[PDB]
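**Student:** Here is my input, please return the structure:
(one chain, ligands or ions: 1)
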Amino acid sequence: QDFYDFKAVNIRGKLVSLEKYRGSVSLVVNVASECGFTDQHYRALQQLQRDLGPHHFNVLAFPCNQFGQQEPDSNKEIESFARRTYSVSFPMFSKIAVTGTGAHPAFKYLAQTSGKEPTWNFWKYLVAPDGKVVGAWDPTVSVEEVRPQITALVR
Ligand SMILES: [Cl-]
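**Tutor:** Numbers count the residues shown, from 1 in each chain. This is the structure:
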């Protein structure tokens with residue numbers, strides 16, 4: 001088992017296999033819309049996608065309402081917000097839990113194998129081409145500090 005064995009409903013309601021990302025590097029991020037981190041993070045994540053997307057990399061953004069309830073809106077609203085405000089071009093998924101008993105199994109996998117579970121919005125896991133977690137950061141770590149770790153993995 002690895003991260004790319006899991007399935008998730010995308011933000012438009014279409015079920016997808018994360019197998020479609022195998023061979024690629026992924027930055028798996030739990031997102032929120034009303035957070036203090038929201039604007040800086042969405043801007044940095046989109047720039048990350050712009051710069052490293054062409055090197056077989058994606059941000060995989062999963063909305064989550066668990067942390068301060070800063071993602072209360074519908075999947076439709078969240079997508080509209082991300083696309084119109086930040087010109088987001090990375091994959092976005094339907095709102096999920098990332099922690100607790102009801103967490104998405106893919107997020108159970110990332111927490112169990114990394115030893116860290118998300119404790120706020122905008123936690124970030126780096127997944128290697130083979131679907132294994134090689135890094136995890138909390139939202140206070142800048143995308144300037146995360147990015148070089150991603151470029152190390154891409155070709
Ligand atoms: Cl770099």
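**Student:** is the longest helix belonging to the chain anywhere near the ion?
**Tutor:** For the chain, the helix with the greatest residue count under DSSP state H is helix 38-52. No. Using C-beta under 5 Å from the ion, helix 38-52 stays clear of the ion, coming no nearer than 8.4 Å. C-beta: built from backbone N, CA, C; applies to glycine.
**Student:** just the CA coordinates of the very next helix or strand once past that helix, formatted as CSV?
**Tutor:** Reading on from helix 38-52 to the C-terminus, the next helix or strand found by DSSP states H and E is strand 57-63. Extracted C-alpha coordinates of strand 57-63, given in CSV (Å, rounded to 0.1, in the frame of the first residue of the first chain):
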residue,chain,number,x,y,z
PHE,A,57,4.3,17.4,-10.1
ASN,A,58,0.9,18.5,-8.7
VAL,A,59,-0.5,20.1,-5.7
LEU,A,60,-3.4,17.8,-4.6
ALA,A,61,-5.7,20.1,-2.5
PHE,A,62,-8.3,18.6,-0.2
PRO,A,63,-10.7,21.0,1.5
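**Student:** buried set for strand 57-63?
**Tutor:** The neighbour-count check on strand 57-63 (16 or more other C-beta atoms under 10 Å) flags 57, 58, 59, 60, 61, 62, 63 as buried.
**Student:** mind giving me a markdown table with these and columns for distance to residue 38?
**Tutor:** Output for the buried residues of strand 57-63, formatted as a markdown table (distance: C-beta to C-beta, whole Å):
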| residue | distance to residue 38 |
| --- | --- |
| 57 | 22 |
| 58 | 20 |
| 59 | 14 |
| 60 | 17 |
| 61 | 12 |
| 62 | 15 |
| 63 | 11 |
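**Student:** Could you single out the nearest of those residues to residue 39?
**Tutor:** Here the nearest of the buried residues of strand 57-63 to residue 39, counting by C-beta to C-beta, is residue 61; it sits at 14.5 Å.
**Student:** what residues are up against that closest one?
**Tutor:** Contact analysis of residue 61 by C-beta atoms under 8 Å, 6 or more residues apart in numbering lists 29, 31, 45, 82, 88, 90, 91, 92, 93.
**Student:** Next, give me the two most distant ones among the residues you listed.
**Tutor:** With C-beta to C-beta as the measure, no two of the contacts of residue 61 lie farther apart than 45 and 93, at 13.7 Å.
**Student:** Sounds good, over and out.
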